[PDB]
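A short worksheet on the structure shown next.
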Amino acid sequence: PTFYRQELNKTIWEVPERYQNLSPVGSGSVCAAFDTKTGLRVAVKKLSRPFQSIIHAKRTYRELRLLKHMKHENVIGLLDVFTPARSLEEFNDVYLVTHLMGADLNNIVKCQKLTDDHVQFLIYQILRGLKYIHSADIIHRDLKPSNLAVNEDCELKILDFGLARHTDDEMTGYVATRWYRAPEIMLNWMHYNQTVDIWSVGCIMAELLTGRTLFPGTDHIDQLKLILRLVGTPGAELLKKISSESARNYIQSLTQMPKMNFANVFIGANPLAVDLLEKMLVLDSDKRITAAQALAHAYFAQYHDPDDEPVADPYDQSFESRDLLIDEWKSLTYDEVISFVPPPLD
Amino acid sequence: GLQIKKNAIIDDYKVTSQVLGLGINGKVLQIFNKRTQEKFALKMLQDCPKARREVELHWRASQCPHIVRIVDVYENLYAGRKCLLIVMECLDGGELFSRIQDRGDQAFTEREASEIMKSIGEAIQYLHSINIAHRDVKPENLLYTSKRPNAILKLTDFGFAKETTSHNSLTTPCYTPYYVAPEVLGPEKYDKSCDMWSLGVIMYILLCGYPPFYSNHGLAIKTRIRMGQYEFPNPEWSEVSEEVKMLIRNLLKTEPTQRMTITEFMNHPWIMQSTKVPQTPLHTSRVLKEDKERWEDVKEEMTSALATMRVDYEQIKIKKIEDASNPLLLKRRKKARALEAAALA
Ligand SMILES: CCCc1c(C(=O)Nc2cc(S(=O)(=O)N(C)C)ccc2C)cnn1-c1ccccc1
């Protein structure tokens, strides 16, 4: 392999000459390019400062190992990873290549009036993508309209695997973005057993159907007010499942309200779309619908095919919970860069 | 009314190989004008429909001391590329918070943060008066002219600049129905409102030395379950004025329309009569000094969160479902034909 130097995004880029016409994108260090060996138009991402702190060096090895295992048509899929360094001694930079997309939902919502048929196919592939990512034990934890890229025609891919891990009983609290986070996170500390993203799509599904935000919580506390306004205050049967005492006293301080029929708030929406939203926005986490069950909903009778909704091979942890030196994560990241086998474009 | 000179740059200027930092789309070079011996900088800015509308706006904002002065723009060819050679005033003072980073003994006062914000406000007030909505106002785009204390803070990085419509929003009423009405698309409402959003963040950064958002979040003004007093934590926000602590609430309002405008921000007492501002000491100089490595991440998350406050007009429109095609679309539609032929026999 041979590289060529180029100054882009306030840094110097030396990528293989199989990627030509490197052009910046904006805020996003990513560059739009053309791949000669595949004939496709791809995007190349430059990890700015990948190894500066123990958290950064550990997160890079954790992140890179995830993109390796992702093999869907609705999830982001690593086409090529490389580094200009020939040996480990000169290894201080890394790059990532993936399909170029064109847009993201967040900018689409603020720009386009989406139709009911749009929501059917857009949410379908999310749930179809949700089935894959959840097949291997993992939580996306950052599902939001700015993390779902959308192409010119209709294809979309899930993005931003920065905060995702194999499901465990106890794990880092206060994780998801609030407007698209579940009420379990602040109510119960080591909760959120693979249901926030399902709850997040419910928030996302109402974004496309409306154009505004379901729960635009100003502060952390205002989130609990706007959520419980729609889903109703939890009953004493569920109020015992709450972990914190200071939290339980807060819920008991609001005016008690029940669930309102979601068909009364979403005017003009599809009754099946409202019926799915009622299943994706249930306070009881154990009773909320799963992604595998969400595909069988009648809202996707136009696109549901039970033979083309594949699952994953389980991804084991194997080093993700260890604590090592900066150089160890840099070498463990190196071992996974050379071990990458690109897939053939059948 | 700017006229792009079409003649080669080497006829009037002397280009050197000395690099003045790396830009986003190329290299910044040192450049002198022989007729004046005036040192400048050079921007590549490859020619395109985007480049000519930006320079048209950065030209208009040049007659504002708190905005870097464009001196002239050429249209020549470099490395076989149709380029728009841009010459600018050389800014040597460095980043705004790098000047506050290295502070010997004099503590940062709230008054010093007032004329700094009044300076940035005069730039945004000029831009909004002529309807150019800059939407990348962040620390790395606020450079001083020189290391000398007599420097003048200037605004740069017009890459996301946009001319907008001067249409004041009609301010949604307090009485709303239970149901959520279908939204009417008004994407231009994120143009000016995004500017003031940066004003509150910069103002927040200055007073405490760190940004509102803890991590993978935004504009929320916490590694434990905090129930209150998370807005301005007391360890460094104790001696801050209440009028100032609530101005940031108006600028960092989650709603674009209800957010404070630039005419109101420049007319606020803490900005208008900046001379009679309390002289309370701050902790910026020490908070920034506590971690230089975390400060770079501060620049990263602010840039990512800035994309949510702005609209990327250079993105595609999703076609109507019947007009689009993709591998997954035809995988389902061709399967639909299989049932038809299968039903025949
Ligand atoms: C930040 C989105 C950039 C963007 C992408 C992208 O970011 N691709 C991408 C993701 C990861 S990631 O999921 O692992 N992550 C974010 C860390 C790693 C590597 C690439 C190469 C695709 N289209 N646009 C895009 C968006 C709008 C218009 C045109 C293009």
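How things are named: the first chain in the structure tokens is A, the next is B, and so on; residues count from 1 in each chain; ligands count from 1 in the order shown.
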
Distance filter 9 Å around ligand 1, atoms: only C-alpha atoms and all ligand atoms, out as a PyMOL selection string: (chain A and resi 25-32+42-47+63-64+66-67+75-80+95-104+107+146-151+157-162) or (chain B and resi 304+312+314-316)

Residue neighbourhood range 251-254 of chain B, 12 Å, only C-alpha atoms, exclusion window fewer than 6 positions, as number ranges by chain: A: 179, 213, 215-219; B: 190, 192-204, 211-213, 218-221, 231, 244-245, 260-262, 264-265, 268, 308-309

Keeping only N, CA, C and O atoms, write those residues as a compact mmCIF listing (two decimals), in the first residue's frame.
# COMPACT_ATOMS: atom_id res chain seq x y z
N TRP A 179 -33.79 13.97 25.96
CA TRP A 179 -35.02 14.03 25.17
C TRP A 179 -35.38 12.68 24.56
O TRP A 179 -36.55 12.44 24.24
N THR A 213 -40.36 18.12 19.16
CA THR A 213 -39.84 17.17 20.14
C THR A 213 -40.94 16.70 21.07
O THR A 213 -41.75 17.49 21.55
N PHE A 215 -40.44 15.12 24.20
CA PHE A 215 -40.05 15.48 25.56
C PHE A 215 -38.86 16.43 25.50
O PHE A 215 -37.70 15.99 25.64
N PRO A 216 -39.09 17.72 25.26
CA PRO A 216 -37.97 18.69 25.28
C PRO A 216 -37.68 19.18 26.69
O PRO A 216 -37.90 20.34 27.06
N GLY A 217 -37.16 18.28 27.52
CA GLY A 217 -36.87 18.59 28.91
C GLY A 217 -35.82 19.67 29.09
O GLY A 217 -34.68 19.50 28.65
N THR A 218 -36.20 20.77 29.73
CA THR A 218 -35.27 21.87 29.93
C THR A 218 -34.12 21.45 30.84
O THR A 218 -32.95 21.48 30.44
N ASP A 219 -34.44 21.06 32.07
CA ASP A 219 -33.47 20.51 33.01
C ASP A 219 -33.71 19.02 33.18
O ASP A 219 -34.62 18.44 32.58
N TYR B 190 -33.78 28.76 12.83
CA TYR B 190 -32.56 28.30 13.47
C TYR B 190 -31.33 29.09 13.03
O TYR B 190 -30.22 28.76 13.46
N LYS B 192 -30.63 32.82 13.06
CA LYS B 192 -30.20 33.80 14.05
C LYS B 192 -30.20 33.22 15.46
O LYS B 192 -29.33 33.55 16.27
N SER B 193 -31.18 32.37 15.76
CA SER B 193 -31.30 31.82 17.11
C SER B 193 -30.10 30.97 17.49
O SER B 193 -29.76 30.87 18.68
N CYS B 194 -29.43 30.36 16.51
CA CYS B 194 -28.23 29.60 16.80
C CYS B 194 -27.09 30.50 17.26
O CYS B 194 -26.27 30.09 18.09
N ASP B 195 -27.03 31.73 16.73
CA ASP B 195 -26.00 32.68 17.14
C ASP B 195 -26.04 32.94 18.64
O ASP B 195 -25.05 32.73 19.35
N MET B 196 -27.18 33.42 19.13
CA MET B 196 -27.32 33.71 20.56
C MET B 196 -27.04 32.48 21.41
O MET B 196 -26.58 32.61 22.55
N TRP B 197 -27.31 31.29 20.88
CA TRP B 197 -26.99 30.07 21.62
C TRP B 197 -25.50 29.99 21.93
O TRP B 197 -25.11 29.59 23.03
N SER B 198 -24.66 30.36 20.96
CA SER B 198 -23.22 30.39 21.22
C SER B 198 -22.86 31.49 22.20
O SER B 198 -21.91 31.34 22.98
N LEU B 199 -23.60 32.60 22.19
CA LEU B 199 -23.32 33.69 23.12
C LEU B 199 -23.47 33.23 24.57
O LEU B 199 -22.63 33.56 25.42
N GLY B 200 -24.52 32.46 24.86
CA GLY B 200 -24.71 31.97 26.21
C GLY B 200 -23.64 30.97 26.62
O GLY B 200 -23.17 30.98 27.76
N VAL B 201 -23.23 30.11 25.69
CA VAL B 201 -22.18 29.14 26.00
C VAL B 201 -20.86 29.86 26.27
O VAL B 201 -20.20 29.62 27.29
N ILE B 202 -20.46 30.75 25.35
CA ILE B 202 -19.22 31.51 25.55
C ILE B 202 -19.29 32.30 26.85
O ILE B 202 -18.32 32.33 27.63
N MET B 203 -20.42 32.95 27.11
CA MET B 203 -20.59 33.68 28.36
C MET B 203 -20.52 32.74 29.56
O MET B 203 -19.94 33.08 30.59
N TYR B 204 -21.09 31.54 29.42
CA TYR B 204 -21.00 30.55 30.49
C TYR B 204 -19.56 30.07 30.68
O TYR B 204 -19.08 29.95 31.81
N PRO B 211 -17.82 24.23 30.13
CA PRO B 211 -19.08 24.36 29.40
C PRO B 211 -20.25 23.75 30.14
O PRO B 211 -20.07 22.96 31.08
N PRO B 212 -21.48 24.11 29.74
CA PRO B 212 -22.67 23.55 30.41
C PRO B 212 -22.80 22.04 30.30
O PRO B 212 -23.11 21.38 31.30
N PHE B 213 -22.58 21.48 29.11
CA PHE B 213 -22.89 20.08 28.86
C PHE B 213 -21.82 19.20 29.49
O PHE B 213 -20.62 19.40 29.26
N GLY B 218 -26.46 18.05 25.62
CA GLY B 218 -26.47 19.42 25.16
C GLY B 218 -27.41 20.41 25.83
O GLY B 218 -28.60 20.16 26.04
N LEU B 219 -26.83 21.55 26.17
CA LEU B 219 -27.47 22.83 26.44
C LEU B 219 -28.25 22.73 27.75
O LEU B 219 -29.13 23.53 28.07
N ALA B 220 -27.94 21.70 28.53
CA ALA B 220 -28.71 21.35 29.71
C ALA B 220 -28.29 22.17 30.90
O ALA B 220 -28.84 22.01 32.00
N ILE B 221 -27.36 23.09 30.69
CA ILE B 221 -26.77 23.89 31.74
C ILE B 221 -26.46 23.04 32.98
O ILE B 221 -25.76 22.04 32.88
N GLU B 231 -27.76 23.81 37.88
CA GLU B 231 -27.69 24.77 36.79
C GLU B 231 -26.37 25.51 36.78
O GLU B 231 -25.66 25.53 35.78
N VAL B 244 -26.83 38.20 35.85
CA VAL B 244 -25.99 37.50 34.88
C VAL B 244 -26.35 36.03 34.82
O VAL B 244 -26.43 35.44 33.73
N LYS B 245 -26.59 35.40 35.97
CA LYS B 245 -26.94 33.99 36.01
C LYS B 245 -28.25 33.69 35.29
O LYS B 245 -28.46 32.55 34.86
N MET B 260 -33.54 34.76 23.60
CA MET B 260 -33.27 36.19 23.57
C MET B 260 -32.59 36.58 22.26
O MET B 260 -31.73 35.86 21.75
N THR B 261 -32.98 37.73 21.72
CA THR B 261 -32.43 38.22 20.47
C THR B 261 -31.15 39.02 20.71
O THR B 261 -30.75 39.28 21.85
N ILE B 262 -30.51 39.43 19.61
CA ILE B 262 -29.26 40.18 19.73
C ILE B 262 -29.54 41.64 20.06
O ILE B 262 -28.71 42.30 20.71
N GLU B 264 -31.84 42.61 22.12
CA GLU B 264 -32.06 42.61 23.56
C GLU B 264 -30.77 42.36 24.33
O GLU B 264 -30.54 42.97 25.38
N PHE B 265 -29.91 41.48 23.82
CA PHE B 265 -28.66 41.16 24.52
C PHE B 265 -27.75 42.38 24.59
O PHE B 265 -27.12 42.63 25.63
N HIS B 268 -29.15 44.77 27.22
CA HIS B 268 -29.23 44.33 28.60
C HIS B 268 -28.30 45.19 29.47
O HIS B 268 -27.23 45.60 29.01
N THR B 308 -26.61 20.71 15.98
CA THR B 308 -28.02 20.57 16.32
C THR B 308 -28.73 21.91 16.38
O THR B 308 -29.95 21.97 16.19
N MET B 309 -27.99 22.99 16.66
CA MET B 309 -28.58 24.33 16.68
C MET B 309 -28.65 24.97 15.31
O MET B 309 -29.37 25.96 15.14

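Nearest to residue 48 in chain A of all the residues B:49, B:152, B:205, B:296 is B:296, counting only C-alpha atoms.
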
Residues of range 102-308 of chain B in alpha helix (DSSP H), written as a ChimeraX atom specification: /B:112-129,189-208,234-237,242-251,262-267,269-272,284-290,292-308

Every residue of range 80-302 of chain A that DSSP places in strand (DSSP E or B), as JSON, numbers by chain: {"A": [80, 81, 82, 95, 96, 97, 98, 99, 102, 103, 104, 139, 148, 149, 150, 151, 156, 157, 158, 165, 266]}

Atomic separation - CA of residue 199 in chain A relative to CA of residue 301 in chain A, Å: 21.6 Å

Residue contacts of range 86-92 of chain A (10 Å, only C-alpha atoms) excluding same-chain residues fewer than 3 positions away, as a PyMOL selection string: chain A and resi 1+49-51+83+330-331+334-335
